[PDB]
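One chain comes next, on its own, written as structure tokens: the form deposited in one PDB entry.
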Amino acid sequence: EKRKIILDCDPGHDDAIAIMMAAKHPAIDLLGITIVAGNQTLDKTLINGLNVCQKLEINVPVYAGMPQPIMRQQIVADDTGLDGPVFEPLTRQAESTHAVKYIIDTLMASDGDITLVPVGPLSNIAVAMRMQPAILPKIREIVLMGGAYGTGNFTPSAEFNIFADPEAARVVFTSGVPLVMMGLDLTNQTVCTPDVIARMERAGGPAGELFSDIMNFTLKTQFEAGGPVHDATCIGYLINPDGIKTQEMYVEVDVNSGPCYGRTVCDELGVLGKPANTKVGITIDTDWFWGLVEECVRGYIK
């Protein structure tokens, strides 16, 4: 019944919303959290992830992974990477095991029922895949936040997570594992408005205060009217996939240097005649989604 997951992330404000949902909903069994460099350097995203788990009292092990992409000169986005909420001094620590080894070991010892949920650059995932290719058949599915079939964000062609490590993305998208891609085309619709925030503030508790603190800072909500929560859609998809419309496509990652480096090339119309390798997100029911967020928020209320 519960879907077992390993959440790989680079917190990151909206990774934090993903952690919050994943750690609470009865439909999800969050086994571990693995951290990768992305939004910021690994030292920072690690601290950010540990801070979220400490504040929400989430008792799930957190593992540090790759501090660099597998080949390219490292890029970050844009002080911490998660300003807004107030955190107390960090007393919680990472596990000693490197995230790549933890991913490999856990998959190898499993009964093949674990789903990987990458919502940062794909560096940890790619290194685990090439270090121990025996994990490939043990992965049930990969539900990732990344890419765009239309316009990207960091460049016109590329979405940040893919652009941060295109060669790692190429590994994942050529793995043969069942893939689900929550790309910008879908995530940009899942718009957090002042009403959504007010709604979570009212529910309250640790999860409600955190969501609000993150999004009030991020959307500058004293002023003009909202913006997206990308990574959390992956969690939503696992809780109820009927809330998200997908389309099966053949997707290829462009690792050419030049104007399409890190692009996800999606064969929308099927002109290449190749078998589809990815379920690509098209539209989301935002009424359903926000209801789910509030639900997860309420799960933390003592």
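All residue numbers refer to positions in the sequence shown, first residue = 1.
The next section is about a form of this same protein that is not shown, the form solved in complex with a small molecule.
In short, of 290 to 298, 8 to 16, 277 to 285, 21 to 29 it is 8 to 16 that has heavy atoms within 4.5 Å of the small molecule in the entry with it bound. A single residue from the set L90, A77, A134, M71 has any heavy atom within 4.5 angstroms of the small molecule in the entry with it bound; that residue is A77.
In summary, among the residues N153, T106, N216, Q189, the only one with a non-hydrogen atom within 4.5 Å of the small molecule in the entry with it bound is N153. Contact check for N39, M145 and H230: all three have a heavy atom within 4.5 Å of the small molecule in the entry with it bound. Contact check for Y149: no non-hydrogen atom falls within 4.5 Å of the small molecule in the entry with it bound.
Contact annotation for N161: at least one heavy atom lies within 4.5 Å of the small molecule in the entry with it bound. The closest non-hydrogen atom of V119 lies within 4.5 Å of the small molecule in the entry with it bound. Contact between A207 and the small molecule in the entry with it bound is not found at the 4.5 Å heavy atom cutoff.
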